[PDB]
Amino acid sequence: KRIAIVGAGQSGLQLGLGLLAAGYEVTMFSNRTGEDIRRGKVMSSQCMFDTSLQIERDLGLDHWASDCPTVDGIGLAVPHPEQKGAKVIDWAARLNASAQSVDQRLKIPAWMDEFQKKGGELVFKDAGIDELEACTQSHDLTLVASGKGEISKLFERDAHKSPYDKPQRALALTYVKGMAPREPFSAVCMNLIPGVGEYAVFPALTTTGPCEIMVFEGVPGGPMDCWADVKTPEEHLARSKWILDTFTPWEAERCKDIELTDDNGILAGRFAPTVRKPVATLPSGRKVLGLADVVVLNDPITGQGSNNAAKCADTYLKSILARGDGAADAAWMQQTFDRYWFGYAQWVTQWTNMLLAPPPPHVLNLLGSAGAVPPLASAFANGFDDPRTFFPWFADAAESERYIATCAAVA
């Protein structure tokens, strides 16, 4: 009934807090102080859809639900190749229930505070193998929940579940104040720039209050792979506006008076999508279990990492509670991951990895048809809450045409 978790992030803290509430003793390692997280760089755009939000609600952890702006739909626009400044696709659909984006700079430090208040043992150290060897002698189970930290590479890359070994997009985030609110409802406003990349923007809550988060993804080497020469926050804001002016002038109209929320409300980087084997064996021969981004890491193009992290921690918590006094051996660890992967994450991952590649004709047809077939637009919007619902019609041309027909018949 003693659990150790290395890494104080979304999944690790959600799990630790749920374990404490169930009467477990929990040790957690953090490599940063709460205040340094609050005031440091942004980490995510963390748009969480209703199913993930509800996992938090059910643990009593939705502390910002009233203050965080709701995200009430999804929109998709595509520039018109033959009409300057216009869109050839431009539609939106309401989400059946609101999404919300609460800055991890707010959430993770507040959850660290709650974790201590509820009796967790928070240990401050940049943990390595030595700490894992110690934890595995004093605890019944040790999890690594370290996200994109270097220690995550202790787990073996799963080549068969990882089609990519290089970054597929150049990423940037810009948190801003002063953006014209979307009317008549808020949305994830997605912009697909063929052969170039993607821009998405939606309202969120950060450390200085409500904002909007601009999310940029660029095909590497293309016109939106444009962050290498950006060296200051001012240059970052300027490059953000330049992208909108150049590729999505309809969005630039909302941005005449935007400012950064704070100089650390910016990010640029890239990584290869990666799936890893969940059980790592230490030099001693003892074993540790990987959680969330340690074992399933996706590009943010589908906005699923934090959703995955909440759903992964829920599955792992349920598995721990069901195990009782049973051994937390490698078999149990593997079966816990397997339920997450085969039951859910394989479909999130396959969908995301397909979207990173150039869209085949049947996908462009789906995106266009959604603008004239509102049930299909709704299927797209609410698929973000459970990407299993995209299969098999998103990936297969013949199935896509059947689903368009089903949607048109009830429009």
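Position 1 is the first residue in the sequence shown; the rest follow in order.
In this crystal structure, the stretch out of 69-77 and 223-231 whose C-alpha atoms carry the higher mean B factor is 223-231. With 264-272 and 147-155 compared on mean CA B-factor from the PDB entry, the stretch scoring higher is 147-155.
In this structure the maximum Cα B-factor among 94, 311, 125, 277 is found at 125. Per the PDB record, 282 has a higher Cα B-factor than any other of 173, 188, 282, 291.
Per the deposited record, the Cα B-factor of residue 36 falls in the middle third when ranked against the other modelled residues of its chain. In the PDB entry, residue 107 places in the lowest third of its chain by CA B-factor. Looking at the C-alpha B-factors along this chain, the one for residue 327 belongs to the highest third. Residue 398 sits in the highest third of its chain by CA B factor, as recorded in the PDB entry.
Residue 372: CA B factor in the middle third of modelled residues in this chain (values from the PDB entry).
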